[PDB]
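Residue numbers (the deposited numbering), protein chains in the order written: chain P, 54 to 210; chain X, 1 to 95; chain D, 1105 to 1209; chain E, 1253 to 1501; chain H, 947 to 999; chain L, 1 to 1114; chain U, 527 to 631; chain Z, 3 to 106.
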Amino acid sequence: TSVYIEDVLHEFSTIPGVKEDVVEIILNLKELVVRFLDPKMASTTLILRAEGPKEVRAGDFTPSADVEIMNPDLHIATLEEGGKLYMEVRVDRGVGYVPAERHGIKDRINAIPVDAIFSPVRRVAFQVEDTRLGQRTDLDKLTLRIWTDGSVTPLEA
Amino acid sequence: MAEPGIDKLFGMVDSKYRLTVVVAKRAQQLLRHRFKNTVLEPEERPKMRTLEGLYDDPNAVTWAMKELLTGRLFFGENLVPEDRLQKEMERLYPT
Amino acid sequence: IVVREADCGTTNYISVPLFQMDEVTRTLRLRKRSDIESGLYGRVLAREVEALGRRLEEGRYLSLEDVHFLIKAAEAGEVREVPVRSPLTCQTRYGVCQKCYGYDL
Amino acid sequence: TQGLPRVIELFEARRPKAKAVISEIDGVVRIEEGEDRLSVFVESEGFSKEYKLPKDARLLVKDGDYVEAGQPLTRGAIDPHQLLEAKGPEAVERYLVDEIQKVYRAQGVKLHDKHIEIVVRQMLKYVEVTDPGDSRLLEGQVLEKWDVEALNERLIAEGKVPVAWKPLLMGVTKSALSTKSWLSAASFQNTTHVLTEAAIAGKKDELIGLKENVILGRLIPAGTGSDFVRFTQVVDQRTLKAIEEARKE
Amino acid sequence: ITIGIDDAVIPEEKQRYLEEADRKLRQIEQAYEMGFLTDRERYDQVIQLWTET
Amino acid sequence: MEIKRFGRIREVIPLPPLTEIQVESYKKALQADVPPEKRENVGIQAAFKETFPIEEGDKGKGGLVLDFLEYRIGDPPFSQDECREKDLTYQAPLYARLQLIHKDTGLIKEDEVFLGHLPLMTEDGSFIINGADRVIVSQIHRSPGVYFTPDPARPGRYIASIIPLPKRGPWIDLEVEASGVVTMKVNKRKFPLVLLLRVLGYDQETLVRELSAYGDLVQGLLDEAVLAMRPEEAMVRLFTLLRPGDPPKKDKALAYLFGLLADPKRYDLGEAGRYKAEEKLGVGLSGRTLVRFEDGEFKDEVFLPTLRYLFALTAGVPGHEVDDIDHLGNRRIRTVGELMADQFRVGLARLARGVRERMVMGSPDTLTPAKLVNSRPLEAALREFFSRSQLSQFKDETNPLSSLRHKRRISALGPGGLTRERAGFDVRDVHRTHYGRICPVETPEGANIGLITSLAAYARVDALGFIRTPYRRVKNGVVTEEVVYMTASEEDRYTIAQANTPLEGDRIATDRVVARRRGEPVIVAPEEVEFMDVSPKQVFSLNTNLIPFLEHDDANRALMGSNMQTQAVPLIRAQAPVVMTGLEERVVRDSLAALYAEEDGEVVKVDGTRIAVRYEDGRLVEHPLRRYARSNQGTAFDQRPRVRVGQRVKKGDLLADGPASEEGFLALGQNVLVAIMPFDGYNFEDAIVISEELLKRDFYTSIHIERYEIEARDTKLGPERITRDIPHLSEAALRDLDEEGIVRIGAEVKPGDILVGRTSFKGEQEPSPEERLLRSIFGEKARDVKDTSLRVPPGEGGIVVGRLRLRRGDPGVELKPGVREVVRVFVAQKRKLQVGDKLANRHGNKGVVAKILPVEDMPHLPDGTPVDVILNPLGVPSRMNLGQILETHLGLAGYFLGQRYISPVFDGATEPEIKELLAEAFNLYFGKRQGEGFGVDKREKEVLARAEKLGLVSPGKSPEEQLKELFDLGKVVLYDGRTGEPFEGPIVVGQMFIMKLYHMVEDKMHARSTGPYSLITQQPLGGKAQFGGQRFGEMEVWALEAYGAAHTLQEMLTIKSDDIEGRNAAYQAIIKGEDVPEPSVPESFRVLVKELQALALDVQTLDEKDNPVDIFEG
Amino acid sequence: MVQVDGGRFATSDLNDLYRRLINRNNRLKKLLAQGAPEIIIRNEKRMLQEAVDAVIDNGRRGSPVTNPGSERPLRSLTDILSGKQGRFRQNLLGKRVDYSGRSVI
Amino acid sequence: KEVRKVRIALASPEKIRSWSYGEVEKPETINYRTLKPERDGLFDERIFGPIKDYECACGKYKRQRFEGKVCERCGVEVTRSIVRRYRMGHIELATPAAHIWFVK
Ligand SMILES: CO[C@H]1/C=C/O[C@@]2(C)Oc3c(C)c(O)c4c(O)c(c(/C=N/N5CCN(C)CC5)c(O)c4c3C2=O)NC(=O)/C(C)=C\C=C\[C@H](C)[C@H](O)[C@@H](C)[C@@H](O)[C@@H](C)[C@H](OC(C)=O)[C@@H]1C
Ligand SMILES: [Zn+2]
Ligand SMILES: [Zn+2]
């Protein structure tokens, strides 16, 4: 729902020793998918303590009590010598497509709110085939499909 | 579904613009005397629909048009003097 | 120019031709359907017109069906011109008059 | 000429490009010499008119043809000025309309004749004086300004003159400027002169037309603003029996 | 309903018509190789053939 | 993604460097790095040598000469960025070294003199003039020479035009009048020609010899025995007639000009003036029209044989023919360098006039150089040009292609070369001869159509400024490796072959060979041929050349697509198109909008702001990346790195991407899945339907930066001050401003919010007593200062990216008099698509987004994927932009076959090839289907059946093969997301490149009810809290008249504009809830009466019965 | 006569002319009631008229009356009428509406 | 009565001096430091009308019911503000005055 980057004061910034640039980073963080375990849960913060000459990688996030990053790999940042990264990224629960310019998350000064793609459901198709079952030759065979990010389960959905 | 029976209205007048001039002046008198002027009042009065429902239609123009096609109203080119038609109007709760 | 009153009260008019001359072959063709409506539709007949068993009272504002009727009465060799009130011959000076111009509001 | 240039050419009412020759009088045809210079004669017993043609002239009358006054002789455009004075203002009117529609028609447009008819009427709106009644005999005056001074100086207070006039073919723009109304005449380029001439003479407007009224921001004299309608008043039934109870006290 | 390219259907005649048009022209460019046609004359036909075609 | 090339014809030569016209001209007019001994005429050297041996009043008598020796260009006082930041012209000091001479001899070779400041070019091609980038656009005009032309005013006659190099001589016209007379025209003065001939020793006989023959035309030259007498006496009467007032015999003074010496008439040095007239006139010529100083007399050179040729052309020799004032053999380009040097020439000729005046004044033995030179003429003349001439544009910066286009722009209008926007028609038409030199597409639409134009791709401007195209040479049969750039003139001599023509190896392949000669298409023998085309590209402009299936696009819609691309706003996820013409690599590269390696080495430092690279020896360079800058157009151009920390480099491969660049391939928009069908009137007329799924993917979203400015001046009442202590204001208001009065970096800024605080003094009376008693007693003490800050204009705003401040006196900063300190604040926005945005493809399919549909709706393929845009078909056959269809089909292949393509113009994909790719692609798309365990569901069939009845499918074949066919045909069975059913009849679906354009609904659209009315006009404009009113034009008035709309019209002219009384009566009335006013007498009436009275003129009102009425009484 | 955002002014020109007049008028009112050499009133009455000129049709003669500074001719009582935005042409052309706005359709 | 015909004539010097209302025989007026005019000039409040909404200069009745407005040394009539566009001035010439329009 919202980020916060170390010495970064707006969306149109660029961190020293980071190849990326805050927009490209925000664009990446968009794709991270987090699982919630505790249904008591509503929102938390992942912490990206990241250092030096390395390739940041989403799995690099801080491990959290009841939280499961389902897309390790997935680029967050390329860091080159010196590059320090410290981040705090919010993760709320919600429905549908509610974008930054609407909700705006006020987690502190210079936070940046990010657009939200909430739906776990990824693609849905259904095939209406011809079954063979001792009545007519005029009966449907509905086979629904469904696709997710490992947070909600095809059946669960 | 345009305007309340607009074709039937043109028929009353000799020239298009008459209907326009009357519908104006009737809404004009209707406006001043907080609708206490109506010739259609009862359950003929025009209405709206809301988050509540059935509240009087604010548009004076609308009212004139429905009021006009009940025949009740009388318009004329020159019968009744204006200087005495202004004062006598304050008879049943004025402005 | 503004419609000032109905019936400037004049008897003048135009005769609108239903036949044409190409000035090259000295021939006489009955002019085009659209054009005849464009001469006659929504016009006020100047003096009475009779043809194909019908009679068109003077002052009839002649409808679209009317123009068709005339055209047909023109191929059936009965009418050639159509007498009709027009701004060209109106008497109101500072505009036209209802019974001239005619119709096409 | 064709297309939109031609539409202007007609309204502006100008000696056109390709001034096709028209017979001044009716008689017989007598084309002569197709080589050196080419010429068509129109002749009867009495009059005999000689029209000398460019050679490149696309005339379409063969020899010894009979002919009518004012009828085209060389093909192309008629100078609607030559037509007026040789066949009539009425006759000119019917030419113009017929000829404009010609362009609009042949490109593909349909629009009523009565439309063009109205404008052509204004192109004729004016007249020049011959032998005056109460002015100088050179003036250009509105046709029905000198109509009250024609069959009224003979309908009651008879005497002096009915005022003799001649028709004039003003070209739309030129028929624009020459208006009774100083107010609108002003908007145009030379504003001093209008206001000069106009002030010297008593000149009242009358605010007949539209432009005039708009200039002063007055309420347009048409539609809801036409005297014919604007005065209409409206009264209620209960209100009308509030006049039966108050007009005989 | 939609416009795919196959929908701009070419008549099977375009070929016949254009081979035909082609030759009546060959016999034209060879009718001026003789004293049969003037340039203006021959062109006035080449134009015209294509126009009918 | 991988790349598939298409079509034969390989290009014998790569494209020229593109920014050639611009860069490579100035350089050679500027001769910056060449020993001042070698420097050889034209450019700055020319203008110098043109004027310089400057003799004194009474030549070589009173001493003092002064002459040019050499010039030095300096080193620019400020950095390229320093200049833009501090509003400066990126300049250099041009000193010139001159020596002054006496009658008694001085060798005073004064140590250079400052002659003025000279602006100079970027590496890019552009200039910097007081901040802000600029483009000197290159102009075309008639080429110097002799011409003729027929008399348009006089049927069946001929004038004779003499044209020198511009601003170096006048227009001379000979024109035999319908009255015998011949008359020379010049300086807009017209005189009998004989006079000028009499001066050149032409007797009344030698005329009857060289100029009778053809007709009795000499009749009007001869009957003027009035002056066929004395040469000197001729000279006087001419002098008298031309420039009047002063009539003695020193006429030789004036007459020397338009005669000998490169004073004015130097039509050519070794250029066309002679060449042209030596080829179009009567052979044999030197330099100037008539040679004056021979041994005192004036000897003829051009005038007579012109008068001859004219005469031998009203009956005349066959082969004597009129001139084509339109042929590109008579149309030259004036490059930057030429126009600058032409303005540099104006400077000198002004400094000289000044120098001439001063030598006379001062004592001849005191005067040195530096003491004679002005240094303000040249400084001003060069200043005036770059800043103020119509040929000095801003800079089309929208995307990197735009800028490029802007350089290779050819104008017809402007200064000197002066075609008014109210002229020409054939001057607009595409001339046979534009072929290869100028694009026959890619012009502007309205009004300029034909007068503004772009340079053809392979084309190039030559020494004397004619455009030349490359043509391959053919040694009867063989097609050589040698190419020849030739004139439009040197071209009407050969049988040139199209590049379409086939070749077995390196020789022609068929007996009937297509070719043009002197323009008209001709089929020709393989031997007859004399040259070939290099590539079809040759023929069109760059933007034209960016259109994949141009083949099948109708020319007219192709121009719209050729444009618009210019209008493409750079996107966050820029992406080069799925189908290209190849050209997209190079357009990015030549634009220099993108970084590239210098000399194959190794990368070392790679972060957001820098790329530094250890080269092969060469030392070490760090390259900074411009990041989230702002275009001239608000575009927001920024660079992104595309290399890995530590890797070997490509001698010059992409180091970092541009703004519209994806991996060094021009990316002006996105590729996306489209359906070609109507929706529900949602793609009616030209509207487009969007899948909100686009927004989600941050697809068509772009960054735009606006900039705001505010000044500070001193005035009678005090100084305006950029304070932070704004009166009457909350701390809520100032929350965001540093101790200065300027907003912080990274503020979310809303409309109204304070951007820069500043306080004028203003002394609106002196606070009355009593109201100071209270002001003191209750505390709130009087103030001497007004609010007058900046604040964000209604609707604008976004996040505060950068601040910038220039105060009086700062290092190199000079700002306009009586102003001190300027503050600039930059705000940034992230945009996304919206209902009312304009999207277009390269085939010229424009249109606005009318509906973003949620994913639930939207046609979707059986596998599950929905489409991204629903484009109405009815907008196809009317225009003939058929390429857009062709391009979609391949894009369907590409989608499944997972590749990109390169189908160049008139040499790309052929249907069978696409179909084969489609066949290949379907075996996969259905390969998946059947592999994942599926096939032909009841819906698909329902369709297929009725599909063969339509006649698209083969009856007899199996539903599977039926599907394949239909697919291959570029079509497919589509499902309505809204109702699980299909649309009966298959729909064509694929990937299409589309761009989001310059214009956005965000920047358009306002609403006004009441707000700041002007203190000048008294109608609504100025918008300090809200926007400003729409205007009611004359045409809207007619319409209201044409309706019966009396009042509705009156309202628009009184209570809604200047009619203060009733204007206010209106507002009051509604606040209360009263039926508005009834403005009895309109103000504008009262204002009329009076303005008239103030001039006298009674002006008096009258009622019906006719007695004065009165409209005032107030 | 209205000021612009600061100390400086924006005058109405006709004032500058209604001023330049009473100026020359009183300096010829004063010059005549005490001490009248006729040679100088052949430079004072002549000079007064040419002020009453400016205030009517300033643009006349061949040398207009200019505001001391820029060569611009300054707009007169006649220039309040003639042409584009002058009170006659004005209502027929323009005026910005007070209850309005645009946007993409 | 209503308006039905504007009509143009010439102006008597007795017509002008009928419209006159005041007479501005006292020149230069364009003060800057304070947003008020200067003494009997083209911007005077006496001959023309009240500068602000009503208002004298030293302070008087800015009300309704009394009628007939002036003051002890500087009197400024009290009837609304649009008259600052309607109330005319007038200056008395020395002697002549050819009005260019009519001369040329
Ligand atoms: C001094 O420069 C001016 C000259 C005036 O004088 C005058 C008489 O001589 C002109 C010359 C010599 C041109 O070559 C020209 C031109 O090429 C052009 C337009 C008009 N173009 N538009 C068409 C449609 N549209 C919606 C907006 C603009 C012009 O009017 C002119 C033009 C004139 O009018 N344009 C085009 O057709 C094309 C192919 C592209 C334009 C791209 C962008 C938009 C512009 O280049 C921007 C970056 C600026 O450069 C201009 C705005 C200049 O304005 C300044 C001061 O920056 C202007 C040229
Ligand atoms: Zn009539
Ligand atoms: Zn006072």
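Where a beta carbon is used, it is the ideal one built from N, C-alpha and C, also for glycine.
Pick from L:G270, L:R697, L:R758, L:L583 that is closest to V151 of chain P, judged by C-alpha positions:
Nearest to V151 of chain P by C-alpha distance, out of L:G270, L:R697, L:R758, L:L583, is L:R697.
Please report whether the beta-carbon of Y55 of chain X lies at a distance below 8 Å from any beta-carbon of chain E.
With 8 Å as the cut-off, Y55 of chain X does not count as an interface residue toward chain E.
Apart from the five residues just before and just after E1302 of chain E, which ones in its own chain have a Cβ nearer than 7 Å to its Cβ?
Cβ within range, chain order: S1291, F1293.
Please classify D868 of chain L as buried or exposed, where buried requires at least 16 neighbouring CB atoms within 10 angstroms.
Flag for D868 of chain L reads buried.
If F1440 of chain E sits next to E77 of chain X, beta carbons under 8 Å apart, how far is it from one beta carbon to the other, in whole angstroms?
The pair is not a contact, with the Cβ atoms about 38 Å apart (cut-off 8 Å).
Looking at chain U, which residues of the stretch 1466-1482 of chain E have a Cβ within less than 9 Å of any of its Cβ atoms?
Within the stretch 1466-1482 of chain E, the residues whose Cβ lies closer than 9 Å to some Cβ of chain U are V1466, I1467, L1468, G1469, listed in chain order.
Please confirm whether any heavy atom of ligand 3 lies closer than 7 Å to the CB of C60 of chain Z.
Yes.
The stretch 68-77 of chain L in contact with the stretch 97-112 of chain L per 3-pair CB rule at 8 Å:
With the cut-off at 8 Å, the stretch 68-77 of chain L and the stretch 97-112 of chain L touch.
Are there 16 or more other CB atoms within 10 angstroms of the CB of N1107 of chain L, so buried, or fewer, so exposed?
When all chains shown are included, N1107 of chain L counts as exposed.
How about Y1378 of chain E and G1360 of chain E: are their beta carbons less than 8 Å apart?
Going by beta carbons, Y1378 of chain E and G1360 of chain E fall outside the 8 Å limit.
Buried or exposed: which applies to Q1254 of chain E, given that a residue is buried once 16 or more other Cβ atoms fall within 10 Å of its Cβ?
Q1254 of chain E comes out exposed.
Measure the Cβ-Cβ separation of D1331 of chain E and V8 of chain Z and say whether it is below 8 Å.
No; because the gap between Cβ atoms is not below 8 Å, this pair is not in contact.
To the nearest angstrom, report how far apart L367 of chain L and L257 of chain L are at their CA atoms.
Rounded to whole angstroms, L367 of chain L and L257 of chain L show a C-alpha spacing of 29 Å.
Any chance the CB of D396 of chain L is under 7 Å from a heavy atom of ligand 1?
Correct: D396 of chain L has its Cβ closer than 7 Å to ligand 1.
From the beta carbon of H728 of chain L, is the nearest beta carbon of chain U less than 8 Å away?
So no, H728 of chain L is outside the interface.
Under three-state DSSP, which class holds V579 of chain L?
Here DSSP, grouped into helix, strand and coil, assigns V579 of chain L to strand.
At which residue ranges does the stretch 433-488 of chain L contain complete beta strand (DSSP E) runs of 3 or more residues, listed in the order of the chain?
Segments of the beta strand (DSSP E) lying fully in the stretch 433-488 of chain L: 452-454, 467-473, 483-486.
Starting from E1396 of chain E, find everything on chain D with Cβ-Cβ shorter than 7 Å and list it in chain order.
Chain D residues near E1396 of chain E: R1197.
CB of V78 of chain Z to nearest heavy atom of ligand 3: below 7 Å?
The answer is yes for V78 of chain Z.
May I ask which residues mark the beginning and end of the beta strand (DSSP E) holding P1121 of chain D?
Element bounds for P1121 of chain D: 1118-1121.
Would you check if the stretch 952-968 of chain L and the stretch 788-807 of chain L touch, i.e. whether three or more CB-CB distances between them fall below 8 Å?
No contact exists between the stretch 788-807 of chain L and the stretch 952-968 of chain L.
With three or more C-beta pairs closer than 8 Å as the rule, is the stretch 642-650 of chain L touching the stretch 620-628 of chain L?
Note that the stretch 620-628 of chain L does not touch the stretch 642-650 of chain L; fewer than 3 beta-carbon pairs, one per stretch, sit closer than 8 Å.
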